[PDB]
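This report concerns only the one structure given below.
Start at 1 with the first residue, then count along the sequence. Every number for a ligand or one of its atoms is a count from 1 in the order of the listing.
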Amino acid sequence: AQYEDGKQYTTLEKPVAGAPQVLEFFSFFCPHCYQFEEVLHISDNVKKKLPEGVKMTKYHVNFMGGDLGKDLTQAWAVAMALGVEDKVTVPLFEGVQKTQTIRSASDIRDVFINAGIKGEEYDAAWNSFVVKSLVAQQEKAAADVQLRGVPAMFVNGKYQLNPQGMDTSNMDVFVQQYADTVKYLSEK
Ligand SMILES: COC(=O)[C@H]1CC[C@@H](CNCc2cccc(-c3ccsc3)c2)CC1
């Protein structure tokens, strides 16, 4: 077939009941994740091709970066709670991997302040139980698929994208194959 299990996607042996329709995982420490987001814009090109009524969920993970990796999962919870993902994703990636100026929780907070989130608003979110719940949700979704590597994307708890199996040497063609595969899975 044109789309083949083991080719552009694999099939989870233990499918996850009640999972998000389209679930992406990343770390701000993850070099391929920087490429996926900052250079290929995978999330955006996937989102822009999802069928009507299909939503995209994107969560951070703890298993890279030790202490600071957990702080970033908490900050991503703050970004989701405040709805400022589109303001902070670029400076967080660049702060961790390009300028390497993010070395502490305070340096993460500086990115939000520079992006125009008020200090009071950030600190309130950071310490909130709504954010603790969002951290818990991020951790559970990753645990449910026994996640040990990023970037990763899952569709309906059943299928895992396999970009290494998208047989093209062109990066924009790669991006659109990836997006077209998510659309195909979402329709399955
Ligand atoms: C987690 O899996 C991965 O990260 C790998 C990454 C590269 C690989 C190459 N096949 C597609 C392709 C062709 C040409 C260029 C680029 C490209 C440009 C900036 S980053 C990657 C990708 C497939 C997936």
- Item | Nitrogen or oxygen atoms of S169 and ligand 1 under 3.5 Å apart |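 N/O-N/O distance below 3.5 Å does not exist for this pair.
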- So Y122 and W126, would you call those rings parallel, tilted or perpendicular, with 30° and 60° as cut-offs?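 Plane angle under 30°, so parallel.
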- Take the angle between the ring planes of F26 and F93 and call it parallel below 30°, perpendicular above 60°, tilted in between.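 Ring orientation of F26 relative to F93: tilted.
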- Message: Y184 vs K188, test: side chain to side chain donor-acceptor pair (under 3.5 Å). Steps then yes/no.
- Response: CA-CA 6 Å; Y184 159 82; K188 267 180 91 99; 2.9 Å; yes
Quick one: nearest non-hydrogen protein atom to [atom], plus distance?
atom                    : answer
atom 6 (C) of ligand 1  : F36 CE1, 4.5 Å
atom 22 (C) of ligand 1 : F174 CD2, 3.9 Å
atom 18 (C) of ligand 1 : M171 CE, 3.4 Å
atom 19 (C) of ligand 1 : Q35 OE1, 3.3 Å
atom 23 (C) of ligand 1 : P163 O, 3.8 Å

- Message: Is atom 14 (C) of ligand 1 touching the protein, meaning some protein heavy atom lies under 4.0 Å away?
- Response: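 Under 4.0 Å from atom 14 (C) of ligand 1, at least one protein heavy atom found.
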- Is_contact(atom 9 (C) of ligand 1), protein non-hydrogen, under 4.0 Å: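 No, there is none.
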- Message: Heavy-atom distances under 4.0 Å decide this one: backbone, side chain, both or neither, for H32 against ligand 1?
- Response: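 Side chain only.
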- Task: For ligand 1, indicate whether the residue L40 contacts it via side chain, backbone, both or neither (heavy-atom separation under 4.0 Å).
- Result: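 The answer is the side chain of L40.
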- Message: Which residue in the set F28, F25, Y59 passes ring-ring contact (aromatic ring centres under 6.0 Å, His included) when paired with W76?
- Response: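 Among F28, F25, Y59, the one meeting ring-ring contact (aromatic ring centres under 6.0 Å, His included) with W76 is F28.
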- Where do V88 and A79 come nearest, in terms of heavy atoms and distance?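 So the minimum-distance heavy-atom pair works out to CG2-CB, 3.8 Å.
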Would you mind running through ligand 1 and noting each atom that sits below 4.0 Å from a heavy atom of [X]?
X    : result
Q164 : 1 (C), 2 (O)
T168 : 10 (N), 11 (C), 13 (C)
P151 : 1 (C)

- Report the residue from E139, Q138, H60 that forms a side-chain hydrogen bond (donor to acceptor under 3.5 Å, both in side chains) with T73.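 By the side-chain hydrogen bond (donor to acceptor under 3.5 Å, both in side chains) criterion, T73 pairs with just one of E139, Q138, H60: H60.
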- Enter the distance from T168:OG1 to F174:CZ here, rounded to the nearest 0.5 Å.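 Between atom OG1 of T168 and atom CZ of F174 there are 9.0 Å.
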- Which distance, rounded to the nearest 0.5 Å, do you find between the NZ of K55 and the CG of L50?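 One finds 11.0 Å between NZ of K55 and CG of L50.
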- Establish, from distance only, whether the side-chain atoms of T181 and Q177 form a donor-acceptor pair under 3.5 Å.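 No, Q177 and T181 have no side-chain donor paired with an acceptor closer than 3.5 Å.
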